[PDB]
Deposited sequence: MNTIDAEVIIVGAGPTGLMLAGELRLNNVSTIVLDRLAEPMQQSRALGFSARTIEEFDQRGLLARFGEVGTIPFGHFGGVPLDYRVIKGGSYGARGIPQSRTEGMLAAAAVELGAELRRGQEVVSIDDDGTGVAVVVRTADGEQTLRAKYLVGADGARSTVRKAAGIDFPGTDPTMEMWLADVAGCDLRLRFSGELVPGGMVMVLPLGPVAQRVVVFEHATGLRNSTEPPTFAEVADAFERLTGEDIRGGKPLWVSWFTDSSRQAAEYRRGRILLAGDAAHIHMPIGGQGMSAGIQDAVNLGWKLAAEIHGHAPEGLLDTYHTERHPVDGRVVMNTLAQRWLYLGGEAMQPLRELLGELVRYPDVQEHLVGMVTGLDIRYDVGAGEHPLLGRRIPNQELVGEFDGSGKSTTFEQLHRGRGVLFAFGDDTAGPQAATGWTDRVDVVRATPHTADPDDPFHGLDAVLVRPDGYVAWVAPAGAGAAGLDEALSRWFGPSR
């Protein structure tokens, strides 16, 4: 074999999973047909949960200073995204090229091999390994790994070759974007309803803006080619009366509300993640972000599989955990698409939702969906609010400096038993090779003595104040496998 894992696609999903696999000491090869990274950026940010999953690995610092957007919308209804702890509408002004730039740098630094101008054309799972035919410039070759991951986009070669179904809804509309320098346009970050449709203006840097247009009168073009700048500028003008034709065009692109999901995330030793497993209309943080969550869910599970300590069922929890969460992103984006872009027909449902966001528990629910901070995985019985949820980022007073954080302690990408009493640290000794013990004092941890976290950050087990390792052995064995 050329590597224990081959990843098809060096977008954010593939490069993030490359990072997680190298943290696990899984030898990995990343393939991409593109000779060069895409120069233009589709996403301009990523979600609050995606901020936390970068920060969890110390990747967020590699951007430098990253600022967040406090306010946003759901289906055109304004919302303060600070109403859940750590919540925002997403990272501000981090273009997708910068994001892929950072994740490749981290993956190559950690030993992932990146090979560009390599198109996968055929895959073969025999049930002891996976083989891939790759078209280079030099000719054709055959690479081999224990597991193949398709992170290869909306038209996933791997998904098709694997025979997995991509069911959902058909495009009912398009939006067009033009990137234009020198127009000095007034921003419209959430978009803005106007007679005839909707306009967004997003910043790109001091002298360029992205204009985004939707028109009720348009009109699926039923083309595979982008609209022209002239066409986008005509749309912008009918919508706002503003003329961008004097500007310098930098890019033109488009997207639709085609909303699909892979019926299976895993067939044998073939796995799917990111846009290969789900497409939907992009809204602000939503699109790339769940691909990063997919990769962070998969990596440690695929690695425990390959290292032979995978408990019975662990790699099957990739599908049962991520399929329903990615489906909810698909659903919420479709609901917002109709609320926001459905014209006067849908005004009553916008006014109704506008009324309902007066209730805290409604603002928290909508912010939770969009940020990715509401994710709760099935980790068996127990009713502690923290159980099955993201571990939040908290200052930890311990030995270490004499100060650290909970997120600093996940850089290694290992399981972690935070001990806030020796009982838990003592039962964990079976699992030192897979779980780190951190003794430090941190409120979501209020009446708690210990928290066990899977390597993705999600709480597998707590100890209320008094209990020792009451449930810990069962917990350790479910997610990390047999004691040594």
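- When the deposited sequence is numbered from 1, the segments without any C-alpha atom are 1-3, 404-405, 426-427, 450-455.
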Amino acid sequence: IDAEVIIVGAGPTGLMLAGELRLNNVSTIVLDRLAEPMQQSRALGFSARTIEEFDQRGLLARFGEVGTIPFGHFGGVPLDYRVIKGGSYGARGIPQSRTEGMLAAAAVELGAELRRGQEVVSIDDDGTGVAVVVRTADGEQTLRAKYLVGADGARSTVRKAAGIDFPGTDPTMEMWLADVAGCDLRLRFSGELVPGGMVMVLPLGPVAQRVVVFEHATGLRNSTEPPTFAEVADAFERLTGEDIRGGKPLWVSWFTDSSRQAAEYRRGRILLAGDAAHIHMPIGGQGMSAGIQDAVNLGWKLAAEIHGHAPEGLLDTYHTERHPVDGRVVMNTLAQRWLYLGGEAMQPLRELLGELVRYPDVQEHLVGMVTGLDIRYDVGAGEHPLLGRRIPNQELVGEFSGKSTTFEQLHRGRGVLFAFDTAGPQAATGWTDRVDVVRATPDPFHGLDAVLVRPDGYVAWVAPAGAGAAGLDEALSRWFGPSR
From here on, numbers count along this sequence of modelled residues.
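- Stretches compared: 73-81, 111-119. Higher mean C-alpha B-factor in the entry: 111-119.
- If you average the C-alpha B-factors over 234-242 and over 87-95, the higher value belongs to 234-242.
- The PDB entry assigns the greatest CA B-factor among 388, 299, 196, 398 to 398.
- Take 348, 327, 168, 282 and read off each C-alpha B-factor from the entry; 168 has the highest.
- Among the modelled residues of the chain, residue 45 sits in the lowest third by CA temperature factor in this PDB entry.
- In the deposited entry, the Cα temperature factor of residue 23 sits in the middle third of values across the chain's modelled residues.
- Among all modelled residues in its chain, residue 150 ranks in the middle third by Cα B-factor.
- Residue 39: CA B factor in the middle third of modelled residues in this chain (values from the PDB entry).
- Placement of the Cα temperature factor of residue 275 within the chain: lowest third of the modelled residues, per the deposited record.
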